[PDB]
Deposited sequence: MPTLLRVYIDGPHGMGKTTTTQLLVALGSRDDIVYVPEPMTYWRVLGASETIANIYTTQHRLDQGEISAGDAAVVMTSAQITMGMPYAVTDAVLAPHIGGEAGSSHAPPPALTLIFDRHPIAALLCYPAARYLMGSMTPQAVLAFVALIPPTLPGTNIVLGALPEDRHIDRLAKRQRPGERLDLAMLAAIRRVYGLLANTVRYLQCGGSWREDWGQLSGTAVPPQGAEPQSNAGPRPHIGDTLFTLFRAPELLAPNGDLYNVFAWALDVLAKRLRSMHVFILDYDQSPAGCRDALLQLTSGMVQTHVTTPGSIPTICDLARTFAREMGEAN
């Protein structure tokens, strides 16, 4: 069978991800690499009207004291469903075509602009740090993350805050800090779990980044520490089982992924060549049937056409 390489570029916005991906796609041939872009059309028109403007207005409202936290949470939560639709439906129809892992060329390389966890975990968690989402809602999205398909290669970004801020300024600094923290925690969470970390075993250590390198991080530097809020705990100090189960799901989903860090503090061509090198050691997978390749290509192109602008 032919082999497939799926790469999800993710992490905080404004680091140079779209440019980098586009430069990568440009090097290859027409048919050996397809790009599933940002589904901006879905977020502005197809799924709802101006979902991103709606999200930023709500935050300002709450920040301003124009609305309550409960109201902000209802909006963010409802908006996140719209936000993650494209990522989720794409994963669901892609799923049946993915076979077992092969080994770190591929007949087809699929580069995605973000992964379902961006919408079902990362933004929700960042909004929770911003006060516009409750931890329970975050765990509700966590519980819906689809089973992690084999060969799930995720590329996160590293960019100095000053360089990031400098760049991002053509401005919610809090949201930028919250999103960077969440993605930093996410990288440690993968390492922690692949280094044999058990959140249940280390829960009590809570009180008061490298995704595939370095020593086992402390649970305090992973995503689990966001979920020790009073709302989730009982009168005895510990967390409720529903939420503890959500944490298990989180552990199961992140556990099998292969995450890589891409230094964006370089020129566009440098980033592209850094990403290229990073793809060498990524896990590829076989496809279920002979006709999977063509179908995956058509699926990606149709997504780009209909949803990416």
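- Of the deposited sequence, positions 105 to 108, 175 to 181, 220 to 228, 330 to 331 lack any modelled C-alpha atom.
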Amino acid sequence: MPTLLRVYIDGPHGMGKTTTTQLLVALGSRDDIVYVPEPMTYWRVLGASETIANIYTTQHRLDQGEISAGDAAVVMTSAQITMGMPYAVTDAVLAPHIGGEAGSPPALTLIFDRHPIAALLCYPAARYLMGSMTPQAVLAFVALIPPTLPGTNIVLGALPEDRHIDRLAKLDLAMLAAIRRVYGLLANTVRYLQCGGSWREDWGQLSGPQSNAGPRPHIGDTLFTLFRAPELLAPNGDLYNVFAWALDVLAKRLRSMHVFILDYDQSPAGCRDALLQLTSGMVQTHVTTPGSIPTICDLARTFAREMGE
From here on, numbers count along this sequence of modelled residues.
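The term rigid core refers to the most C-alpha atoms you can superpose between the two forms while keeping them within 1.5 Å.
- Root mean square Cα distance to the shown form, taken over structures and residues in 7 other deposited structures of this protein after a core fit, is higher for 232 to 240 when 232 to 240 and 181 to 189 are compared.
- Comparing the two stretches 197 to 205 and 160 to 168 by root mean square C-alpha distance in 7 other deposited structures of this protein, with all structures fitted on the core, the more displaced one is 160 to 168.
- For the cut-off of one third of the other compared entries, residue 151 stays well clear, since all of them model it along with its flanks.
- Modelled in this chain, residue 210 is nonetheless absent from a third or more of the other compared entries whose models extend past it on both sides.
- Across the two stretches, 78 to 86 and 231 to 239, the PDB entry reports the greater mean Cα temperature factor for 231 to 239.
- Checked against the record, the higher mean CA B factor of 191 to 199 and 210 to 218 lies with 210 to 218.
- By the numbers in the PDB entry, the CA B factor is greatest at 165 among 119, 165, 178, 140.
- Reading the B-factor column for the CA atoms of 135, 151, 146, 105 in the entry, the top value corresponds to 105.
- In the PDB entry, a CA B factor belonging to the middle third of its chain's modelled residues is recorded for residue 263.
- Per-chain ranking of the deposited C-alpha B factor places residue 294 in the highest third.
- Residue-level temperature factors show residue 226 in the middle third of its chain, judged at the C-alpha atom.
- Ranked by Cα temperature factor within the chain, residue 287 sits in the highest third according to the deposited record.
- Among all modelled residues in this chain, the alpha-carbon of residue 7 has a temperature factor (C-alpha) in the lowest third.
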